[PDB]
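Enquirer: Quick one: structure below, then a few questions.
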Amino acid sequence: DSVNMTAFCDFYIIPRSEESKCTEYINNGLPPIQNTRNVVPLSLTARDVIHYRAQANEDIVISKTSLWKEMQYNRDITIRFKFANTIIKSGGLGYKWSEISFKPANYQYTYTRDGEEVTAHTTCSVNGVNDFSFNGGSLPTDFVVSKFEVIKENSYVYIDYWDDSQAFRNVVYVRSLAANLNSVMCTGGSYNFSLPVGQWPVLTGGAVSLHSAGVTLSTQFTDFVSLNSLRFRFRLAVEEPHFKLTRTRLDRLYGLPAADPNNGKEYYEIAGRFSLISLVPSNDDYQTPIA
Amino acid sequence: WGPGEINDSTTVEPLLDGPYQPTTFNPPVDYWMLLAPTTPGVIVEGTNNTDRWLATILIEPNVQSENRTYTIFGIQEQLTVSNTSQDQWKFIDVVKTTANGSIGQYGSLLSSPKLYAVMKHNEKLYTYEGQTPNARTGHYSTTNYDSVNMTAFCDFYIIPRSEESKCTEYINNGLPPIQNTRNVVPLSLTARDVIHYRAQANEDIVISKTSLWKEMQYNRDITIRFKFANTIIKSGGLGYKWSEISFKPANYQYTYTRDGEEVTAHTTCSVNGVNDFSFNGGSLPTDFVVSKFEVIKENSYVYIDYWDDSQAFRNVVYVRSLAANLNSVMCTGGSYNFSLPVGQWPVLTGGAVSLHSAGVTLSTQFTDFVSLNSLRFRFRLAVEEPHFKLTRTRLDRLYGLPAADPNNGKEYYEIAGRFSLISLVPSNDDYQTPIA
Amino acid sequence: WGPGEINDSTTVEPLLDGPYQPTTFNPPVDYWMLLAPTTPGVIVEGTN
């Protein structure tokens, strides 16, 4: 078991979980499959718009007139964040990790406001990505990372809500949804990379800032039931502290890494307010019958 | 506003380094090859195979005139040395012109941090040099400039001549990791919570009175044509490792007509579900290296931005529903060739995915002043593809759209359909007739 | 209510996990060393 072998050229290695494919390799040898299709396509062959002769364009009106109100809605806002992350191991010898993932935020909160129990949803996504990696070398004992997202201040973070409280759930066709928000500490922890020999690297640091930014509106649609969206256009920032990295040759990594902002932190609280001016038809106290 | 979408952008260029795998090599022209071992002794041999066979040794200081054995070109014999220097490490340059000839040791480089560069450049050869934090350059009129070859046992660094500065400071001291250009905070009030602590009687206030809101629908046609935009970013070094081959958005124009009236439009491509992938032909510098090919699988939707300067977009802003039946057509790809100074040029050719409309997407960007607009259609993509062509690759004939060339050589892709409408805008007066 | 999120990952699906130069194996025990030769001869030399 204390063997020490030396291969003098370009050769391949494989761990346990792929013994079977190694057996078919030494049985037939299958580098090539070169066809990512299952079978004769179990789908429609081709259905385009034949005969695009659209005839004379004629218009029919569905319904009669309507009565819509215009109210400004200034509501204080306490929406609470927690950056979701999932861990998926990557194959190799043990220092060969590639998969760091991002999942949308899934949390629910409870607050009181004028007696209403606050129900709201929070889901987060990040773009303007600032990915990174570690080239510890190429020898199978080297540090290997394929993607290591270090979110820098040039990134835009998308936060989406399905806010259940009716205060949020009475506003569609908003003429102008303005708001004010707060800042978050959004720190970061560290992980380790484990090939069964030697001390393991520590991606240390992480103390980043967030500040105010925009918010937008969008909607999707299916056949007869649509899809509404409360999309946020927020950008991450940077602050004074530097984030050291020890026992590594790639150090002073600046910004949030992709690994872990939980660190035992309860949540990421960003309070603020809303101010929505909405076209609304449901506040007509007018067409009431007699008696 | 113009088109609105930001899908993905992985810009990674803070690195000024990147080694190879320690082996033998045949360096091309116009670079420097920065070695970096951790122990004194032989590192690499200069080989030309016709006229000159160079050699060099790095030596630990403080060891005055002595005698050390060395395995020059795999053949060992006894050699004399000298370290009158006692602080920084010496790096002699054993200049030899024939393997059977005398062992001519030269060179007086004085540097502890154990890094030096020798590589072909400008149809000529030279060397760096240095004593203390005063690094200069050696001058080597080596006959047979043209056939430089390196045979080593430790790691290198690939680095051109054009930026002599950074390398001369590396050989001066070395490479501390990335360190700087992150402190910009012109945004802070104080303490983050003194100024808002309230809830204070939330949303309730009137802005405007109500009016009549009828519907005036406009059921006419719509047509769209497609093309994609790509950026190719490779990695540094000799020019074989590559990084980025994918799509990017871009604003495109058309002069349409509809209902007997001309129409002008804006369009910008945006695609969901694009799969990065490394078609790695081998990490070694004489093989095929691309960090990622962003490829398409049927998990790809369409967020291609679309615009129309017709009456339609001016009309429909408050849309509760808008459906159609667009021309579900086939989309293919083009052909592109990769540049490899030695070997055979790898290629990308083929690839096709068919679309089917799966919804619409309106979007409005509210600024602090105004309300930017945007609109998109959703197409779900099914593959019927000519099996990607890319030679000298272990992986071939993959499915989806090619990551390099969408031009397709043909005219365009036909996308067309009709529309209903729903809206509420000021209309004529029905108050004038309040009775049947 | 319907969300929107974009993220993707696809790395080594053929598990092509042996591109390496001439080696110095002191590896973790218990693997399978695929041989990828150009011309047969001496391929690997082992030592206790």
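Chain labels follow the order of the structure tokens: the first chain is A, the next B, and so on; residue numbering restarts at 1 in every chain, and ligands are counted from 1 in their shown order.
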Please produce, as a Markdown table, a per-residue contact table for chain B versus chain A (criterion: any atom at most 7 Å away, only C-alpha atoms considered), showing the nearest atom pair and its distance in Å to one decimal, sorted by chain then residue number.
Expert:
| residue | atom | partner | partner_atom | distance |
| --- | --- | --- | --- | --- |
| B:8 | CA | A:128 | CA | 6.5 |
| B:9 | CA | A:129 | CA | 6.1 |
| B:10 | CA | A:131 | CA | 5.7 |
| B:11 | CA | A:130 | CA | 6.5 |
| B:12 | CA | A:132 | CA | 6.4 |
| B:21 | CA | A:138 | CA | 6.6 |
| B:177 | CA | A:250 | CA | 5.1 |
| B:178 | CA | A:252 | CA | 6.2 |
| B:179 | CA | A:252 | CA | 5.4 |
| B:182 | CA | A:254 | CA | 6.8 |
| B:183 | CA | A:240 | CA | 5.8 |
| B:184 | CA | A:238 | CA | 6.7 |
| B:185 | CA | A:239 | CA | 6.0 |
| B:192 | CA | A:183 | CA | 6.9 |
| B:199 | CA | A:76 | CA | 5.4 |
| B:202 | CA | A:75 | CA | 4.4 |
| B:203 | CA | A:73 | CA | 4.1 |
| B:204 | CA | A:73 | CA | 5.6 |
| B:205 | CA | A:72 | CA | 5.4 |
| B:206 | CA | A:71 | CA | 4.5 |
| B:207 | CA | A:71 | CA | 4.9 |
| B:208 | CA | A:70 | CA | 5.0 |
| B:209 | CA | A:69 | CA | 6.1 |
| B:210 | CA | A:69 | CA | 5.0 |
| B:211 | CA | A:67 | CA | 5.6 |
| B:212 | CA | A:66 | CA | 5.4 |
| B:213 | CA | A:66 | CA | 4.2 |
| B:214 | CA | A:65 | CA | 3.7 |
| B:215 | CA | A:61 | CA | 6.0 |
| B:216 | CA | A:61 | CA | 6.0 |
| B:217 | CA | A:59 | CA | 5.8 |
| B:218 | CA | A:59 | CA | 5.5 |
| B:219 | CA | A:59 | CA | 5.5 |
| B:220 | CA | A:57 | CA | 5.4 |
| B:259 | CA | A:57 | CA | 6.9 |
| B:318 | CA | A:173 | CA | 6.3 |
| B:321 | CA | A:221 | CA | 6.4 |
| B:323 | CA | A:223 | CA | 6.4 |
| B:326 | CA | A:49 | CA | 6.7 |
| B:327 | CA | A:49 | CA | 4.8 |
| B:328 | CA | A:48 | CA | 4.6 |
| B:329 | CA | A:48 | CA | 5.9 |
| B:359 | CA | A:221 | CA | 5.6 |
| B:360 | CA | A:220 | CA | 5.6 |
| B:361 | CA | A:220 | CA | 4.6 |
| B:362 | CA | A:219 | CA | 5.2 |
| B:363 | CA | A:218 | CA | 3.7 |
| B:364 | CA | A:217 | CA | 5.0 |
| B:365 | CA | A:216 | CA | 4.4 |
| B:366 | CA | A:216 | CA | 5.3 |
| B:367 | CA | A:214 | CA | 6.5 |
| B:394 | CA | A:32 | CA | 6.7 |
| B:395 | CA | A:34 | CA | 6.1 |
| B:396 | CA | A:34 | CA | 5.1 |
| B:397 | CA | A:34 | CA | 5.1 |
| B:398 | CA | A:35 | CA | 5.9 |
| B:399 | CA | A:36 | CA | 5.8 |
Enquirer: Just want the 10 Å neighbourhood of residue 4 (chain C), counted on only C-alpha atoms, with same-chain residues fewer than 4 positions away dropped. Output as a PDB file with N, CA and C atoms, in the first residue's frame.
Expert:
ATOM      1  N   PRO A 104     -32.018  30.482  -5.296  1.00  0.00           N
ATOM      2  CA  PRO A 104     -32.790  31.642  -4.839  1.00  0.00           C
ATOM      3  C   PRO A 104     -33.136  31.539  -3.362  1.00  0.00           C
ATOM      4  N   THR A 123     -36.907  36.310  -2.346  1.00  0.00           N
ATOM      5  CA  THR A 123     -36.065  35.487  -3.195  1.00  0.00           C
ATOM      6  C   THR A 123     -35.022  36.383  -3.844  1.00  0.00           C
ATOM      7  N   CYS A 124     -33.779  35.909  -3.873  1.00  0.00           N
ATOM      8  CA  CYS A 124     -32.661  36.722  -4.330  1.00  0.00           C
ATOM      9  C   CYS A 124     -31.908  36.025  -5.453  1.00  0.00           C
ATOM     10  N   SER A 125     -31.385  36.837  -6.369  1.00  0.00           N
ATOM     11  CA  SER A 125     -30.512  36.377  -7.437  1.00  0.00           C
ATOM     12  C   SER A 125     -29.497  37.474  -7.718  1.00  0.00           C
ATOM     13  N   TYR A 158     -30.535  40.816  -7.904  1.00  0.00           N
ATOM     14  CA  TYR A 158     -31.974  40.809  -8.136  1.00  0.00           C
ATOM     15  C   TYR A 158     -32.660  40.148  -6.949  1.00  0.00           C
ATOM     16  N   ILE A 159     -33.637  40.835  -6.369  1.00  0.00           N
ATOM     17  CA  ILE A 159     -34.413  40.301  -5.259  1.00  0.00           C
ATOM     18  C   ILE A 159     -35.879  40.330  -5.663  1.00  0.00           C
ATOM     19  N   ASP A 160     -36.556  39.196  -5.519  1.00  0.00           N
ATOM     20  CA  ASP A 160     -37.939  39.061  -5.949  1.00  0.00           C
ATOM     21  C   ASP A 160     -38.816  38.641  -4.778  1.00  0.00           C
ATOM     22  N   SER A 229     -44.351  40.171 -11.546  1.00  0.00           N
ATOM     23  CA  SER A 229     -43.048  40.170 -10.906  1.00  0.00           C
ATOM     24  C   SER A 229     -42.802  41.516 -10.247  1.00  0.00           C
ATOM     25  N   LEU A 230     -42.218  41.470  -9.052  1.00  0.00           N
ATOM     26  CA  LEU A 230     -41.731  42.653  -8.347  1.00  0.00           C
ATOM     27  C   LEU A 230     -40.214  42.536  -8.331  1.00  0.00           C
ATOM     28  N   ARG A 231     -39.588  42.992  -9.411  1.00  0.00           N
ATOM     29  CA  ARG A 231     -38.162  42.803  -9.620  1.00  0.00           C
ATOM     30  C   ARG A 231     -37.395  43.977  -9.027  1.00  0.00           C
TER      31      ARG A 231
END
Enquirer: Might you pull out every residue within 9 Å of residue 63 (chain B), with only C-alpha atoms counted and same-chain residues fewer than 2 positions away left off, and present them as a ChimeraX atom specification?
Expert: /B:59-61,65-66,81-86
Enquirer: The selected residues should be written to file as a compact mmCIF listing (two decimals), in the first residue's frame (atoms: N, CA and C atoms).
Expert:
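Final output, saved to selection12.txt:
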# COMPACT_ATOMS: atom_id res chain seq x y z
N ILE B 59 22.47 28.85 -7.51
CA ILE B 59 23.35 28.46 -6.41
C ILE B 59 23.01 29.26 -5.16
N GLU B 60 23.07 28.59 -4.01
CA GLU B 60 22.88 29.15 -2.68
C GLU B 60 24.12 29.95 -2.27
N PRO B 61 23.93 31.14 -1.67
CA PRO B 61 25.07 32.03 -1.39
C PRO B 61 25.93 31.58 -0.22
N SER B 65 34.53 29.87 -2.85
CA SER B 65 34.98 29.03 -3.96
C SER B 65 35.07 27.56 -3.58
N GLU B 66 34.22 26.76 -4.22
CA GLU B 66 34.12 25.33 -3.92
C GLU B 66 33.85 24.58 -5.21
N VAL B 81 32.51 25.95 -8.10
CA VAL B 81 31.56 27.03 -7.85
C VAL B 81 32.21 28.06 -6.93
N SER B 82 31.47 29.13 -6.65
CA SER B 82 31.95 30.20 -5.78
C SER B 82 30.78 31.09 -5.38
N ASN B 83 30.64 31.35 -4.08
CA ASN B 83 29.68 32.33 -3.56
C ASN B 83 30.43 33.28 -2.63
N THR B 84 31.04 34.31 -3.21
CA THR B 84 31.45 35.44 -2.39
C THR B 84 30.24 36.23 -1.89
N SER B 85 29.14 36.19 -2.64
CA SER B 85 27.88 36.75 -2.17
C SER B 85 27.37 35.94 -0.98
N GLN B 86 26.83 36.65 0.01
CA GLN B 86 26.35 36.01 1.22
C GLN B 86 24.92 36.37 1.59
Enquirer: Could you list the residues in chain B lying within 9 Å of chain C, using only C-alpha atoms, and format the result as a list in words?
Expert: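 Within 9 Å of chain C on chain B, we get residues 7, 8, 21, 22, 23, 272, 273, 274, 275, 276, 277, 278, 279, 280, 281, 282, 283, 284, 292 and 395 of chain B.
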Enquirer: Would you put the residues from that selection into a file with N, CA and C atoms, as a PDB file, in the first residue's frame?
Expert:
ATOM      1  N   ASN B   7     -27.632  39.410 -18.752  1.00  0.00           N
ATOM      2  CA  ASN B   7     -27.712  37.981 -18.474  1.00  0.00           C
ATOM      3  C   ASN B   7     -26.497  37.475 -17.701  1.00  0.00           C
ATOM      4  N   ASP B   8     -25.302  37.603 -18.278  1.00  0.00           N
ATOM      5  CA  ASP B   8     -24.117  37.034 -17.649  1.00  0.00           C
ATOM      6  C   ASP B   8     -22.866  37.675 -18.235  1.00  0.00           C
ATOM      7  N   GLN B  21       2.700  23.064 -17.332  1.00  0.00           N
ATOM      8  CA  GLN B  21       3.065  21.867 -16.584  1.00  0.00           C
ATOM      9  C   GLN B  21       4.547  21.575 -16.785  1.00  0.00           C
ATOM     10  N   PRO B  22       5.312  21.368 -15.714  1.00  0.00           N
ATOM     11  CA  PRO B  22       6.762  21.184 -15.869  1.00  0.00           C
ATOM     12  C   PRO B  22       7.137  19.982 -16.718  1.00  0.00           C
ATOM     13  N   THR B  23       7.636  20.258 -17.918  1.00  0.00           N
ATOM     14  CA  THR B  23       8.094  19.264 -18.887  1.00  0.00           C
ATOM     15  C   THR B  23       9.208  19.902 -19.714  1.00  0.00           C
ATOM     16  N   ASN B 272     -31.777  32.361 -22.206  1.00  0.00           N
ATOM     17  CA  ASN B 272     -31.717  31.676 -20.926  1.00  0.00           C
ATOM     18  C   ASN B 272     -31.073  30.304 -21.108  1.00  0.00           C
ATOM     19  N   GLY B 273     -30.600  29.735 -20.002  1.00  0.00           N
ATOM     20  CA  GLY B 273     -30.138  28.359 -20.008  1.00  0.00           C
ATOM     21  C   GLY B 273     -28.956  28.058 -20.902  1.00  0.00           C
ATOM     22  N   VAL B 274     -27.897  28.854 -20.838  1.00  0.00           N
ATOM     23  CA  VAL B 274     -26.710  28.612 -21.649  1.00  0.00           C
ATOM     24  C   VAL B 274     -25.675  27.904 -20.783  1.00  0.00           C
ATOM     25  N   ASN B 275     -25.211  26.743 -21.246  1.00  0.00           N
ATOM     26  CA  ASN B 275     -24.337  25.873 -20.468  1.00  0.00           C
ATOM     27  C   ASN B 275     -22.881  26.138 -20.830  1.00  0.00           C
ATOM     28  N   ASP B 276     -22.104  26.625 -19.866  1.00  0.00           N
ATOM     29  CA  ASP B 276     -20.660  26.656 -20.039  1.00  0.00           C
ATOM     30  C   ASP B 276     -20.121  25.232 -20.082  1.00  0.00           C
ATOM     31  N   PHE B 277     -19.005  25.046 -20.785  1.00  0.00           N
ATOM     32  CA  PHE B 277     -18.372  23.734 -20.840  1.00  0.00           C
ATOM     33  C   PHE B 277     -16.978  23.853 -21.435  1.00  0.00           C
ATOM     34  N   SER B 278     -16.033  23.126 -20.846  1.00  0.00           N
ATOM     35  CA  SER B 278     -14.648  23.110 -21.297  1.00  0.00           C
ATOM     36  C   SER B 278     -14.444  21.911 -22.216  1.00  0.00           C
ATOM     37  N   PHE B 279     -14.250  22.176 -23.508  1.00  0.00           N
ATOM     38  CA  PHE B 279     -13.844  21.131 -24.451  1.00  0.00           C
ATOM     39  C   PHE B 279     -12.326  20.963 -24.380  1.00  0.00           C
ATOM     40  N   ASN B 280     -11.872  20.516 -23.212  1.00  0.00           N
ATOM     41  CA  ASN B 280     -10.447  20.437 -22.924  1.00  0.00           C
ATOM     42  C   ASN B 280      -9.814  19.309 -23.728  1.00  0.00           C
ATOM     43  N   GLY B 281      -8.929  19.668 -24.651  1.00  0.00           N
ATOM     44  CA  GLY B 281      -8.129  18.695 -25.358  1.00  0.00           C
ATOM     45  C   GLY B 281      -6.849  18.310 -24.660  1.00  0.00           C
ATOM     46  N   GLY B 282      -6.632  18.826 -23.454  1.00  0.00           N
ATOM     47  CA  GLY B 282      -5.417  18.574 -22.707  1.00  0.00           C
ATOM     48  C   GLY B 282      -4.843  19.851 -22.130  1.00  0.00           C
ATOM     49  N   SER B 283      -4.624  19.875 -20.816  1.00  0.00           N
ATOM     50  CA  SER B 283      -4.137  21.083 -20.162  1.00  0.00           C
ATOM     51  C   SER B 283      -2.724  21.455 -20.580  1.00  0.00           C
ATOM     52  N   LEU B 284      -1.968  20.515 -21.139  1.00  0.00           N
ATOM     53  CA  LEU B 284      -0.586  20.789 -21.487  1.00  0.00           C
ATOM     54  C   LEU B 284      -0.540  21.778 -22.655  1.00  0.00           C
ATOM     55  N   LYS B 292     -14.152  27.450 -21.167  1.00  0.00           N
ATOM     56  CA  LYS B 292     -15.583  27.196 -21.236  1.00  0.00           C
ATOM     57  C   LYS B 292     -16.119  27.520 -22.624  1.00  0.00           C
ATOM     58  N   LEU B 395     -14.370  15.434 -27.468  1.00  0.00           N
ATOM     59  CA  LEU B 395     -15.813  15.620 -27.526  1.00  0.00           C
ATOM     60  C   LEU B 395     -16.190  16.255 -28.858  1.00  0.00           C
TER      61      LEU B 395
END
Enquirer: At a cut-off of 8 Å, can you tabulate as JSON lines every residue of chain A near chain C together with its closest atom pair and the distance in Å to one decimal, using only C-alpha atoms and ordering rows by chain then number?
Expert:
{"residue": "A:1", "atom": "CA", "partner": "C:29", "partner_atom": "CA", "distance": 6.9}
{"residue": "A:2", "atom": "CA", "partner": "C:48", "partner_atom": "CA", "distance": 6.0}
{"residue": "A:3", "atom": "CA", "partner": "C:48", "partner_atom": "CA", "distance": 4.7}
{"residue": "A:4", "atom": "CA", "partner": "C:47", "partner_atom": "CA", "distance": 4.7}
{"residue": "A:5", "atom": "CA", "partner": "C:46", "partner_atom": "CA", "distance": 3.5}
{"residue": "A:6", "atom": "CA", "partner": "C:45", "partner_atom": "CA", "distance": 4.9}
{"residue": "A:7", "atom": "CA", "partner": "C:44", "partner_atom": "CA", "distance": 3.9}
{"residue": "A:8", "atom": "CA", "partner": "C:22", "partner_atom": "CA", "distance": 4.4}
{"residue": "A:9", "atom": "CA", "partner": "C:22", "partner_atom": "CA", "distance": 3.8}
{"residue": "A:10", "atom": "CA", "partner": "C:21", "partner_atom": "CA", "distance": 5.0}
{"residue": "A:11", "atom": "CA", "partner": "C:36", "partner_atom": "CA", "distance": 4.7}
{"residue": "A:12", "atom": "CA", "partner": "C:18", "partner_atom": "CA", "distance": 3.6}
{"residue": "A:13", "atom": "CA", "partner": "C:33", "partner_atom": "CA", "distance": 4.5}
{"residue": "A:14", "atom": "CA", "partner": "C:32", "partner_atom": "CA", "distance": 5.4}
{"residue": "A:15", "atom": "CA", "partner": "C:31", "partner_atom": "CA", "distance": 5.3}
{"residue": "A:16", "atom": "CA", "partner": "C:31", "partner_atom": "CA", "distance": 6.7}
{"residue": "A:19", "atom": "CA", "partner": "C:32", "partner_atom": "CA", "distance": 8.0}
{"residue": "A:22", "atom": "CA", "partner": "C:32", "partner_atom": "CA", "distance": 7.8}
{"residue": "A:92", "atom": "CA", "partner": "C:17", "partner_atom": "CA", "distance": 6.8}
{"residue": "A:93", "atom": "CA", "partner": "C:28", "partner_atom": "CA", "distance": 7.4}
{"residue": "A:98", "atom": "CA", "partner": "C:11", "partner_atom": "CA", "distance": 7.8}
{"residue": "A:99", "atom": "CA", "partner": "C:9", "partner_atom": "CA", "distance": 7.7}
{"residue": "A:102", "atom": "CA", "partner": "C:7", "partner_atom": "CA", "distance": 7.2}
{"residue": "A:104", "atom": "CA", "partner": "C:5", "partner_atom": "CA", "distance": 7.1}
{"residue": "A:123", "atom": "CA", "partner": "C:3", "partner_atom": "CA", "distance": 7.9}
{"residue": "A:125", "atom": "CA", "partner": "C:5", "partner_atom": "CA", "distance": 6.0}
{"residue": "A:138", "atom": "CA", "partner": "C:20", "partner_atom": "CA", "distance": 6.8}
{"residue": "A:139", "atom": "CA", "partner": "C:20", "partner_atom": "CA", "distance": 6.4}
{"residue": "A:140", "atom": "CA", "partner": "C:20", "partner_atom": "CA", "distance": 7.4}
{"residue": "A:141", "atom": "CA", "partner": "C:27", "partner_atom": "CA", "distance": 7.7}
{"residue": "A:160", "atom": "CA", "partner": "C:3", "partner_atom": "CA", "distance": 6.7}
{"residue": "A:161", "atom": "CA", "partner": "C:3", "partner_atom": "CA", "distance": 8.0}
{"residue": "A:162", "atom": "CA", "partner": "C:1", "partner_atom": "CA", "distance": 6.0}
{"residue": "A:196", "atom": "CA", "partner": "C:28", "partner_atom": "CA", "distance": 7.0}
{"residue": "A:227", "atom": "CA", "partner": "C:2", "partner_atom": "CA", "distance": 5.6}
{"residue": "A:228", "atom": "CA", "partner": "C:1", "partner_atom": "CA", "distance": 6.0}
{"residue": "A:229", "atom": "CA", "partner": "C:2", "partner_atom": "CA", "distance": 6.7}
Enquirer: For the residues in that selection, give me N, CA and C atoms as a CSV table (one decimal), in the first residue's frame.
Expert:
chain,number,residue,atom,x,y,z
A,1,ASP,N,0.8,-1.2,0.0
A,1,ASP,CA,0.0,0.0,0.0
A,1,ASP,C,0.8,1.3,0.0
A,2,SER,N,2.1,1.2,0.4
A,2,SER,CA,3.0,2.3,0.4
A,2,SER,C,3.7,2.5,-1.0
A,3,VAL,N,3.1,2.1,-2.0
A,3,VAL,CA,3.6,2.1,-3.4
A,3,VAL,C,3.9,3.6,-3.8
A,4,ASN,N,4.9,3.8,-4.6
A,4,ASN,CA,5.2,5.1,-5.2
A,4,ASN,C,5.6,4.9,-6.6
A,5,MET,N,4.6,5.2,-7.5
A,5,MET,CA,4.8,5.0,-8.9
A,5,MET,C,5.0,6.3,-9.7
A,6,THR,N,5.7,6.3,-10.8
A,6,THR,CA,6.0,7.4,-11.6
A,6,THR,C,5.7,7.2,-13.1
A,7,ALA,N,4.7,7.9,-13.6
A,7,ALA,CA,4.3,7.8,-15.0
A,7,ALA,C,5.0,8.9,-15.8
A,8,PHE,N,5.6,8.6,-16.9
A,8,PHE,CA,6.5,9.5,-17.6
A,8,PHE,C,5.8,10.3,-18.7
A,9,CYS,N,4.5,10.2,-18.8
A,9,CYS,CA,3.9,10.9,-19.9
A,9,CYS,C,2.4,11.2,-19.5
A,10,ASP,N,1.6,11.5,-20.5
A,10,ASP,CA,0.2,12.0,-20.3
A,10,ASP,C,-0.7,10.8,-20.2
A,11,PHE,N,-1.1,10.5,-18.9
A,11,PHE,CA,-2.0,9.4,-18.6
A,11,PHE,C,-3.1,9.8,-17.7
A,12,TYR,N,-4.2,9.0,-17.6
A,12,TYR,CA,-5.4,9.3,-17.0
A,12,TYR,C,-5.7,8.5,-15.7
A,13,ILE,N,-6.4,9.1,-14.8
A,13,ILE,CA,-6.7,8.5,-13.5
A,13,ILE,C,-8.2,8.6,-13.3
A,14,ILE,N,-8.7,7.7,-12.4
A,14,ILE,CA,-10.2,7.7,-12.1
A,14,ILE,C,-10.4,7.1,-10.7
A,15,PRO,N,-11.3,7.7,-9.9
A,15,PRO,CA,-11.6,7.2,-8.6
A,15,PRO,C,-12.7,6.0,-8.6
A,16,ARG,N,-13.1,5.7,-7.3
A,16,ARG,CA,-14.0,4.6,-7.1
A,16,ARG,C,-15.3,4.7,-7.9
A,19,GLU,N,-15.8,3.0,-11.3
A,19,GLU,CA,-15.2,1.7,-11.7
A,19,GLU,C,-15.9,1.1,-12.9
A,22,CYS,N,-14.7,2.5,-16.2
A,22,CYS,CA,-13.3,2.0,-16.4
A,22,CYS,C,-13.3,0.6,-16.9
A,92,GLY,N,-12.6,14.0,-8.6
A,92,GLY,CA,-11.2,14.2,-8.7
A,92,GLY,C,-10.5,13.3,-7.7
A,93,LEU,N,-9.4,13.8,-7.1
A,93,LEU,CA,-8.7,13.1,-6.0
A,93,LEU,C,-9.1,13.6,-4.7
A,98,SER,N,-15.1,22.1,-8.2
A,98,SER,CA,-15.5,23.1,-9.2
A,98,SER,C,-16.9,23.7,-8.8
A,99,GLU,N,-17.8,22.9,-8.2
A,99,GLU,CA,-19.2,23.3,-8.1
A,99,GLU,C,-19.4,24.1,-6.8
A,102,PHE,N,-25.6,28.6,-6.5
A,102,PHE,CA,-26.4,29.6,-6.0
A,102,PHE,C,-27.9,29.3,-6.3
A,104,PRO,N,-32.0,30.5,-5.3
A,104,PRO,CA,-32.8,31.6,-4.8
A,104,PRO,C,-33.1,31.5,-3.4
A,123,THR,N,-36.9,36.3,-2.3
A,123,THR,CA,-36.1,35.5,-3.2
A,123,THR,C,-35.0,36.4,-3.8
A,125,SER,N,-31.4,36.8,-6.4
A,125,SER,CA,-30.5,36.4,-7.4
A,125,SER,C,-29.5,37.5,-7.7
A,138,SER,N,-1.5,22.2,-12.0
A,138,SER,CA,-2.2,21.2,-12.7
A,138,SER,C,-1.9,19.7,-12.3
A,139,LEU,N,-0.8,19.5,-11.5
A,139,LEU,CA,-0.5,18.2,-11.0
A,139,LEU,C,-1.6,17.8,-10.1
A,140,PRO,N,-2.0,16.5,-10.1
A,140,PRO,CA,-3.2,16.0,-9.4
A,140,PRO,C,-3.2,16.3,-7.9
A,141,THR,N,-2.1,16.8,-7.4
A,141,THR,CA,-2.0,17.2,-6.0
A,141,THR,C,-2.2,18.7,-5.8
A,160,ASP,N,-36.6,39.2,-5.5
A,160,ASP,CA,-37.9,39.1,-5.9
A,160,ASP,C,-38.8,38.6,-4.8
A,161,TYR,N,-40.0,39.2,-4.8
A,161,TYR,CA,-41.0,39.0,-3.7
A,161,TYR,C,-42.3,38.4,-4.2
A,162,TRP,N,-42.9,37.5,-3.4
A,162,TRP,CA,-44.3,37.2,-3.5
A,162,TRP,C,-44.9,37.6,-2.2
A,196,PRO,N,-6.7,13.9,0.9
A,196,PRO,CA,-6.2,13.3,2.2
A,196,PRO,C,-4.7,13.4,2.4
A,227,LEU,N,-48.1,36.1,-15.3
A,227,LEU,CA,-47.1,36.0,-14.3
A,227,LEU,C,-46.6,37.4,-14.0
A,228,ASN,N,-46.9,37.9,-12.7
A,228,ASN,CA,-46.4,39.2,-12.3
A,228,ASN,C,-45.1,39.1,-11.6
A,229,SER,N,-44.4,40.2,-11.5
A,229,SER,CA,-43.0,40.2,-10.9
A,229,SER,C,-42.8,41.5,-10.2
Enquirer: Report the distance between CA of residue 304 (chain B) and CA of residue 103 (chain A) in Å, rounded to one decimal place.
Expert: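 Computed distance, CA of residue 304 (chain B) to CA of residue 103 (chain A), equals 23.7 Å.
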Enquirer: State, in Å with one decimal place, the distance from CA of residue 14 (chain B) to CA of residue 142 (chain A).
Expert: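 So the two atoms, CA of residue 14 (chain B) and CA of residue 142 (chain A), lie 20.9 Å apart.
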Enquirer: Would you kindly return, as a list in words, each protein, DNA or RNA residue with an atom no farther than 9 Å from any atom of residue 384 (chain B), considering only C-alpha atoms and excluding same-chain residues fewer than 6 positions away?
Expert: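 In the requested form, the answer reads residues 41 of chain A; 330, 351, 352, 353, 354, 399 and 400 of chain B.
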Enquirer: Rounded to one decimal in Å, what is the spacing between CA of residue 180 (chain A) and CA of residue 266 (chain A)?
Expert: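 CA of residue 266 (chain A) lies 22.9 Å from CA of residue 180 (chain A).
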Enquirer: Give the answer as one residue: which of A:107, A:185, A:204, A:168 has the shortest atom-to-atom distance to residue 268 (chain A), using only C-alpha atoms?
Expert: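 Going through A:107, A:185, A:204, A:168 one by one, the smallest distance to residue 268 (chain A) is for A:185.
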